[PDB]
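Examining the three-dimensional arrangement
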Amino acid sequence: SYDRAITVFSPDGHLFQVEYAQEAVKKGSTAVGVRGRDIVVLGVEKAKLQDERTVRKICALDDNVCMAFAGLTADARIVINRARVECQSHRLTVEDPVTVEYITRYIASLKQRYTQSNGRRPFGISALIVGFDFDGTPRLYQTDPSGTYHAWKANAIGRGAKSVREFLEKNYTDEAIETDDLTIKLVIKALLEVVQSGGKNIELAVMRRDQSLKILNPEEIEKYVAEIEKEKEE
Amino acid sequence: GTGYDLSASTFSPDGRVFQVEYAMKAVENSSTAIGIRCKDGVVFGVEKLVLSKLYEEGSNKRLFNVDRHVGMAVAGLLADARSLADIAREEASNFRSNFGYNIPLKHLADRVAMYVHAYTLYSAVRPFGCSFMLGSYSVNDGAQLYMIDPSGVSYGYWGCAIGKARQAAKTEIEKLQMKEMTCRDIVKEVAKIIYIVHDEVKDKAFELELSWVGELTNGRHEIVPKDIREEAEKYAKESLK
Amino acid sequence: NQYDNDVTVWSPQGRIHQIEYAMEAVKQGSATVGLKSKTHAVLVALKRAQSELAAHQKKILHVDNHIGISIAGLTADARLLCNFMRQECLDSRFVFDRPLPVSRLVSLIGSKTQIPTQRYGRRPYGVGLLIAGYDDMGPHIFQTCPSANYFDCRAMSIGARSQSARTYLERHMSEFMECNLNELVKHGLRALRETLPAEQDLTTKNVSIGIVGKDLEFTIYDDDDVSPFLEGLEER
Amino acid sequence: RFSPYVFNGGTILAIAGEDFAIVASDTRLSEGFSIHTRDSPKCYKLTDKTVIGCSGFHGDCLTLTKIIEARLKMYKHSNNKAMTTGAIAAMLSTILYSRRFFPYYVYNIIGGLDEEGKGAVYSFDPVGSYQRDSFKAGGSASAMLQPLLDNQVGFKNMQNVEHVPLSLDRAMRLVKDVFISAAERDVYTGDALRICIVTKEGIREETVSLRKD
Amino acid sequence: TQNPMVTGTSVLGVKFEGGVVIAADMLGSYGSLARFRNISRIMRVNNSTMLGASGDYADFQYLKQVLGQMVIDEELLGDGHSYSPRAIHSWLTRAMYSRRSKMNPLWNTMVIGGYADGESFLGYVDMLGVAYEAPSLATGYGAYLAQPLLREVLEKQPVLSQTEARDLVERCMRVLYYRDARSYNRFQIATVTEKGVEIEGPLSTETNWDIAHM
Amino acid sequence: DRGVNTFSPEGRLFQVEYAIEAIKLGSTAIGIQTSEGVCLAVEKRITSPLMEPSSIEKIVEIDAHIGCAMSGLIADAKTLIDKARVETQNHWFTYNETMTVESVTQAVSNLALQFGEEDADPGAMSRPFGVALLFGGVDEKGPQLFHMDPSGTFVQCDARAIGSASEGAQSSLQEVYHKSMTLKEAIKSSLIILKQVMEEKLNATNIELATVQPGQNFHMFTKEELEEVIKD
Amino acid sequence: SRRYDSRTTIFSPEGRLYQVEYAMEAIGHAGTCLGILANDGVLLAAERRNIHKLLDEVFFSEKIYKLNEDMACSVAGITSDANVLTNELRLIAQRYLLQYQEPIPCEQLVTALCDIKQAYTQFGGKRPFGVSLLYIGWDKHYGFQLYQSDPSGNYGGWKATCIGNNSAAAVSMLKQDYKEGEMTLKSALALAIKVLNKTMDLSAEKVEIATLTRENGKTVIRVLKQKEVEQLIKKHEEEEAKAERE
Amino acid sequence: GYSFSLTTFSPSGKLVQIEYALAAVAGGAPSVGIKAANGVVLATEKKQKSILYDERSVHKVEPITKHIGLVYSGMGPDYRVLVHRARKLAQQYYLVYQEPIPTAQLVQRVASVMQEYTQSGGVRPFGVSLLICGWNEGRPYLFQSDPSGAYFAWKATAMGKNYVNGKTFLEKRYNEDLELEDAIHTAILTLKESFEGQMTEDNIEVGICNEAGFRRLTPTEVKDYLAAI
Amino acid sequence: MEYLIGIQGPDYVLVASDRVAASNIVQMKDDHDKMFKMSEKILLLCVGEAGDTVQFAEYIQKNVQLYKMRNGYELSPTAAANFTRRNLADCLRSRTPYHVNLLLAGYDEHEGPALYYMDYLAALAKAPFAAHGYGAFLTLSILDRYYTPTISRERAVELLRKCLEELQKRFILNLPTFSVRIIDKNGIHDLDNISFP
Ligand code: NA
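Residues numbered from 1 in each chain as written, not as in the entry; some residues may be left out. Chains lettered and ligands numbered in written order. Part of a larger assembly, values for the part shown. Heavy atoms only, no water.

As documented in the archive entry, the model was determined using X-ray crystallography at 2.7700 Å resolution.

Written as structure tokens, this is what we have:
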């Protein structure tokens, strides 16, 4: 088997292969995540001849935890499958289900081991993992190709994620949090910054307290498009 | 040549494996070691250059016992030479285990030479920067002396030299009629040749290491005792004048 | 430039530059001295502090009751090669119920450290040792290197500015064998501060001593432990 | 068929005082109905403040003592200090349990000094279950000595008797009299009596004689 | 070896003034059959040490091969360090125990005589790694016959001379020839002293069967 | 292009050299050893107010009597922190005792040059860990603070810092440090020395502090406890 | 060794995989392979690059491969790499069938091969498989399905798509003429021949068609014969000419 | 060893070592194969450099089992690896299935092996195109397999030096229900286009496959076909 | 020692397990549940050696749940049963053979209701009704008597009552209470536990 050192330090102390993996994230579709009290939400950027279902970038990992990603879609699918395996394997070892921190720590640990083990280039993805814990607290974390992880109130990754995070930093108030409708509107506003003409080109899903994941179809999405643009005038 | 000289898995256009040739240069830069086949055995003499007077006598011992009945005399990168002695010790030990008697020197030379040759075929390893001489005496087989080089060639020798003064030592050996002479006589003449070929101007002072194997020792590779070494060192100095 | 990166690549000069580069790890590493009498073997080490706030670097390590070492190079290779010696000693005490001969232990270091100099994608041990020890053949100082060569010694020094130490030792060789313990330690200390400049000299913080012989097991002396030995001669 | 164990026998004993720790044994080594040797004491010195008694199959005793000796060094090399008496007893459990499915047939009793200075005895079974004790007997005459130690050291089944702690004078005399009684009634106990006494000053060894039949 | 084929019977041993002596008959028994009546069950280990072996002869011959090579390997270095009698005994305890602990024992019971640094060494080792020292030793059935007679004399006189020890050992092998069915009246005595390891043989004991007329 | 286990002409491994260069990019951390306790302080370097401040654990509990602060590659550190945490409880299992601060640091120091290409296991390392660790705890030999770098070199420190302004902070530690000082003086010394080098101006959400005394366990400071110390 | 390493499994400075991209350029030269979904079926239509007078025609196909009873696929790229991948697809289909005793769902079979293709981009130091596949099938969950994949180990579900020579030109032509939800297999067969008329340089030896359909509770995979293809070519020539006059 | 591909994609998108291996085939001593109605022919140039070479010793046209045969253009040593492997693959089919291996299935198995050396670690591909004749379901089979590991079933084809001339020569002059008498004669005429010298029984080699399996033709059998040319 | 029972209907599957967790001679738990939720429309009832039952059942459960997460749809009762069979068949000739007897009751939307049977050997058998344990020797003939393919669920519980009452009358082991559940179009449905005096 192949024992070559793939990821190594440079003259100036950079892990170039991890840095090039983060360039592969910045080309991928703009994924955005937002937290609330009762609800947690994810949304993604977007051809006429495709099945939307197959190229879905929002994926459930267990009954309580799901995730979004941005970057290389093949690399994403392996991390998602191995996350899904670890979620059930966690229940098999200690009965109680997975907290959002534990699965994020695992995905981070998996990403980090590919930046340091021989033969293997890093995973060219950043993820946005969301859900509800044992006690029922809502969570949103973010991993990246290096295998660092941090909790967030809201965050963006992908194309123009600076301009989305700049928008989120301002707009994330206590007013937008309180209701289920208002948190969803905030995600669509944020995606409308980067999405050149929104509506139809926005994937979007939600998670509530005890309930499982729920993707909103383009009919449900275009309802909230009307509720945003009317309120701007007033 | 340049480009084709980095790996032992790479020939040059001339048909030469430069990595093996460069390992032989480390022997050519190393100090002179010699050995001659007598009538009643084999003797070894070595120019051991003292890098510092701080070191003890019998340190950096370039003469080794491979078996009870076999002696190894080395020249080149000394770390590689010691590991070759460990290979030859085990290889001789394997023969006794397999067949219940003392390994023949030609066989021991061939089996260790193929060990040396294996390192001249691959990028994964480098050649041994070391030539060595294996020497032995027996009842039936008699006196035998073989030399091996970095490439892995094994030939038998009446007289042999390796190191700085490879060519210079050999023309001094050609004068001696080794086939008629004995081990008792040859120790004087081996000690003489080292003192001649030693460059006092260029190099520092040195210690003469002397070992032997013959009818004198009952076919057992022992060191030459301090009685006979100092007689031969005295003969070397006075006959130089 | 072409023959610099891999240990397997022989140069056209007949040299392996990755060995000779690994030798420079010892030289830029701190100074240490070793010497022996008829009855004892002593190691003395100039402990290099990082900053003046931080405590001084541990340079003399314990191997067995009858062997100990002083180091110069990469500390991870020092500790790895220390544990190899500790283990081979432990094997000999387990198997034979008898301490391992020092020359035999030193031969196993040479055999071990040579292996990676001949193999691709491997490197020599970036560390030189001075090895003090007593056995059936009396006291010994042995030296080892990254090249896998080893040397039996009356005395030796290695590290930064260690040429100064070697010049001192080469004068006082016949004195060492006749010396008592206190005179033998004092000789090793004078060799060490010769490596230093005229501005700075030996204190209880920056010096460690390691002693073994016929009477004594391999004891290490660092701080107030050292104070007896220094208070004798101190000028220049 | 091939049996890898054999019973060599002998008795061991340890007592923990307030300022000391006795660890004693006989010197008989047996096999079948013959005596191997009369000078094979079961006490083994480990550190200045800790000693171990080992009885049962002697092949395992020699090996297990050599393992502990080897591990003591490995700890001291890593941690730059001697193992505490409690840390040896904890380590011994893991070594005995590492051979759960092919036992060290060795009844072990460690005795010595804890970090607070006082006496500390740790008794064992072959697969590594242990506890701290005041006193414990082990080996061939375990059954003979233990209930007398329960009586005289534990004050069991006695009333109108003041519970005074063991002086080292009194404990040494008790160890002599119990091993005299074992030697009489046990075939595998005899010849001589090694007694190691662990105080803060160090270890010192006595050798009282016993029945040689 | 689970089942041994060609067994050797008792190996004796006893310390004397400035040396040690061991004895062992030259018989390899194939069960009841006295197959090989001229085979040496004693081995010169080195100048300081000697080794006699009861039990399976092929396992002893393997140990002879392995030890012989170890002593050869040591004598190559020539660095004033040798395996003491205690050191070989220590190694051999670890060898038999390692093989015992893999459930593939070397089917032997051995006696190690030696003299080094003024002191006499006599050391027992069996197939399971049970080892010790004593003033006398007798393996196998000699434990029940011969060891009583050695301890009888060593009670009355702890320190024997070579001639006292040799004539005692000759008296023991006479008793073994009479009472051990697996013994024979060819044997070797092997002494060790300052001079080194002597191996004298083949010898015989003068028998007496006058009790047959009673 | 060259191998990971390659010496420079100066006599040192390029990948170890470049692993020291990686710590300069990492955010600064300070630890001060005192007779009354070892304090440990670190800047979080928060890039956004959306980012939750409590989930940047740059000081962590190794045991009830030991902590460890980190700078450099944060992901690389978590492998070493877990191995230390495993080592302490493996030691508790086998020996029924606490490890020394030296013994823990040595165990982590053994992993520093366990990298290479040819001759290696399935999960074995290609490169070193680009992480400096400041261990800080209280064992039987009083309160101890220990430094470690990517080479594996580890040493006791009266006071030391690591990160971008390691050079700048060490000069401030030289003047400020006194060997017979109190713990509360040493705590406030760190936050003074941290406020200068950051220039985000220092607050309870922007930093982590933590201490270990002889009597008290490892304690990481809360918002209220940090707000009391903040500035005097 | 380190000098001789191509290093196929690394990110280039831009943030992308060179051997993956360079493998997709190999596909861009290879023959025009397309697929079209319908209400009553699924089809694959491919350019037949093995075209000579002296070729034998042993097998029922040339680029089309059956995988399961309810599934099939066609390829574009290095045909030897396709023989490895198709063999492995067949192995996966039976490995599922042995385990569950149902046919493998179409998306699951495609993800299983695409997880393997992605491995050759991430680790092992090996060059990727230089093949894009177009898959067709039926299962009980989603019914009539069409999938595309490529050397990266990335897949997508399509209503109609193309790979090979004039890939982009064919997809934009399919984006005009395809009507979602309204297409039958007869109308789809007309569009397949329309697109191949644009891309290729149109005899029936150069074309190779197959149709997956469901008739009476069992899937029916069949290659078209050269009588069926040639009559569909003349229907295109007449329908093309009939519009040209008016 | 080396655990990485020596064959890799260039910016154009071509596996360069395979096209370089095809150059080794294209510059090899030429070889021809023809499928009659009643049988199969395989013929090749066996013109060694001197009369010193023993002609009976080593063979280009080799059997695999009793019903399949083989011939090549390009590298001779590489060819011998594929012969030994193909022979094993035939027996591995016969052991399992107790039926003579189909010719299509033998080609597919050897193709998979030829593909293996265009990807696996530290190995170049083979510098050989194979021609594989056979007889399965009462009818003839002829297949090419080239360094890529791709295979094509041929009615007739040529390889090596002047393969372009041999292929066009065959295209017009081949009929799809030839007699095996005529096809053997055609195969020798295809070789005589590309030949440099007077042809003999020694300096060319021919084998045939039909109802009663595959065999190599004797020199005297070839000499009869050379008499009427 | 333990006892399982399943009764397939036209559009449903009734099932029931006992609730004794036994140890030596003692009834450690009267409220123990032996049914394991594989899917929304599947139950695995499992009985056998003490540690083997739960370890095996849970290994299957999590892999059925993994199939849901991976693909966005659950396994069918046919697929789940053959998956259960494949694992138990592979363990059979190995170091760790699980001695487990089990029923897999389920409902497919296409195929309708299904009750599967499996012994520790891993022979899979689809059945209109079945039972495990020594209680099956008494109760199987009662099912032969009164079962018809068109049995209503309310009647099927009264049939179940006759089996469970026969265990109280004739079976020497206690088994005082029983878990009871129905599966149909609308997934799993808990029912009142058939207790006794
Ligand atoms: Na007794």
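Picking up where we left off.
1. Topic: the coordination of the sodium ion
All names here are of chain D. The line we're drawing: Atoms are scored as donors when they are N, O or S and lie within 2.8 Å of the metal, with 3.2 Å used for Na, K and Ca; no water is included, so coordination may look incomplete. Exposure is judged per residue with a 1.4 Å probe applied to protein chains only, and the accessible area is read against the type maximum: over 50% gives exposed, under 20% gives buried, and values in between give partly exposed.
Looking at the metal site, the sodium ion is ligated by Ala183 (O), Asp186 (O) and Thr189 (O), spaced 2.2 to 2.3 Å from it. In the primary structure, the donors to the sodium ion are separated according to the pattern A-x2-D-x2-T. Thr189 sits in the buried class, given a relative accessible area of 0%.

2. Looking at the interface of chain G and chain H
Heads up, the rule is: By the convention used here, residues are in contact when the closest approach between their heavy atoms is within 4.5 Å. The term buried area denotes the loss of accessible surface (1.4 Å probe radius) that occurs when two parts are joined, taken as the sum for both partners. Salt bridges are defined as contacts in which a side-chain nitrogen from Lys or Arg sits within 4 Å of a carboxyl oxygen from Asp or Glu. Note on conventions: DSSP H or I runs of at least 4 residues are helices, E runs of at least 2 residues are strands, and numbering of each starts at the N terminus. For this classification, the nonpolar set comprises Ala, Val, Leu, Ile, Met, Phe, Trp, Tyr, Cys and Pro, the charged set comprises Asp, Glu, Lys and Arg, and every other residue, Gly included, is treated as polar.
Facing 34 residues of chain G, the contacting portion of chain H comprises 36 residues. Taken together, the two surfaces of chain G and chain H that pack against each other cover about 3000 Å², and 59% of this comes from carbon and sulfur. Together, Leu54, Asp56 and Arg127 of chain G form the three largest contributors to the area buried by chain G at its contact with chain H, with a combined 26%. At the surface where chain G touches chain H, the tally comes to 2 salt bridges. Taking the shortest distance from any N to any O, the salt bridge between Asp56 of chain G and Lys35 of chain H comes out at 2.9 Å. Elements with a contribution of two residues or more to the side of chain G that touches chain H: α1 (18–29) and α2 (79–100) of chain G. Of all the elements, α1 of chain G adds the most residues to the side of chain G that touches chain H, at 6 residues. Looking at the side of chain G that touches chain H, its residues break down into 13 nonpolar, 13 polar and 8 charged.

3. Focus on a nonpolar patch on the surface
Basically, it comes down to this: The patch calculation keeps residues exceeding 30% relative accessible area without a salt bridge and links them within 9 Å when they carry like charges or within 5 Å when they are nonpolar (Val, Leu, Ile, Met, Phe, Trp, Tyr). With residues, only the protein chains shown are counted as cover, and all accessible areas are computed by Shrake-Rupley using a 1.4 Å probe.
A cluster of nonpolar side chains, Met5, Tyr30 and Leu33 of chain E, forms an exposed patch at the surface whose accessible area comes to about 340 Å². Overall, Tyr30 of chain E belongs to the partly exposed group, its relative accessible area being 48%.

4. A short note on the sheet that holds strand β8 (residues 159–162) of chain B
Residues and elements named next belong to chain B. Stated precisely, the cut-off is as follows: Two strands make a pair as long as DSSP finds a minimum of two bridges between them. To get an axis, fit a line to the C-alpha atoms, keeping to the stretch in contact for a helix; angles then go from 0 to 180 degrees between the N-to-C directions.
Pairing is antiparallel in the open sheet, where 5 strands are placed in the order β8-β1-β2-β9-β10. With one partner strand each, in any of the chains shown, β8 and β10 (222–223) form the two edges of the open sheet. Where strand β1 (residues 33–37) and β8 come together, 4 bridges link them in antiparallel fashion. Of the residues in β8, the one forming a bridge with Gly35 is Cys160. Strands in contact with helix α4 (residues 166–175) are β1 and β8; relative to β8, the strand with the most contacts, it is inclined by about 160 degrees. Taken strand by strand, helix α5 (residues 183–197) contacts β1, β2 (41–49) and β9 (206–214), and its axis lies near 155 degrees from that of β9.

5. A short note on the sheet that holds strand β6 (residues 145–150) of chain G
All names here are of chain G. The antiparallel open sheet is built from 5 strands, whose spatial order is β3-β4-β5-β6-β7. Looking at which strands have only one partner, the edges of the open sheet turn out to be β3 (64–68) and β7 (154–157). This sheet shows a mean twist of 25 degrees between the axes of neighbouring strands, independent of strand direction. Both β3 and strand β4 (residues 71–77) contribute to a ladder of 4 bridges, which runs antiparallel. Bridging across to β4, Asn68 finds its partner in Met71.

6. Structural notes on the packing of aromatic side chains
For any two aromatic rings, the description comes down to two numbers: the centre-to-centre distance and the angle of the planes. Test applied: Pairs were defined over the aromatic rings of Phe, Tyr and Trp, the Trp ring being its six-membered one, requiring ring centres within 6.5 Å. Orientation was assigned from the angle between planes: stacked under 30 degrees, edge-to-face over 60, tilted for the rest. Placement of a positive charge over a ring is assigned whenever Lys NZ or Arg CZ falls within 6 Å of the ring centre and within 35 degrees of the normal to the ring plane.
If you walk through the whole model with that rule in mind, you get 45 aromatic pairs over all chains. Their ring planes at 15 degrees and their centres at 4.7 Å tell us that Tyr124 of chain E and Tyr132 of chain E sit as a pair that is stacked. Ring centres of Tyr18 of chain G and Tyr22 of chain G lie 5.2 Å apart, and the angle between their planes is 45 degrees; on these two criteria the pair is classed as tilted. Linking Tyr18 of chain G with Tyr22 of chain G, this pair stays in helix α1, spanning 4 residues, or about one helical turn. Three or more aromatic residues link up through ring pairs in this structure, and these residues are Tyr5, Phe7, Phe57, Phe102, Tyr105, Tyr107 and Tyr188 of chain D. Sitting over the ring of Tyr150 of chain C, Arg82 of chain B keeps its end group 4.0 Å from the ring centre. For the cation-ring pair, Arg99 of chain D lies above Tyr104 of chain D, with the distance from its terminal atom to the ring centre recorded as 4.4 Å.

7. A word on the interface of chain A and chain G
Counting residues at the interface gives 30 residues for chain A and 38 residues for chain G. Overall, the association of chain A and chain G removes approximately 2800 Å² of surface from exposure, summing both partners, and the carbon and sulfur fraction of that is 53%. At the junction of chain A and chain G, the tally comes to 3 salt bridges. For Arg4 of chain A, the salt bridge goes to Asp5 of chain G, with nearest N and O atoms at 3.2 Å. At the level of elements, α1 (16–27) and α2 (73–94) of chain A are the ones that each hand at least two residues to the side of chain A that touches chain G. Class assignment of the residues belonging to the side of chain A that touches chain G gives a composition of 13 nonpolar, 7 polar and 10 charged.

8. Here we look at the arrangement of the chains
In this structure chain E stays clear of chain F, and the shortest span between their C-alpha atoms is 24 Å. For chain E and chain G, which are not in contact, the least C-alpha distance works out to 39 Å.

9. Details of the pattern of salt bridges
By the definition in use, this model includes 95 salt bridges over all chains. Across the salt bridge formed by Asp119 of chain F and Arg119 of chain C, the nearest N and O atoms sit 3.4 Å from each other. Residue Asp119 of chain F is located in the loop between α3 (101–109) and β5 (131–139), and its partner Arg119 of chain C is located in the loop between α3 (102–114) and β5 (127–135); the two belong to separate chains. Judged by its relative accessible area of 45%, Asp119 of chain F is partly exposed.

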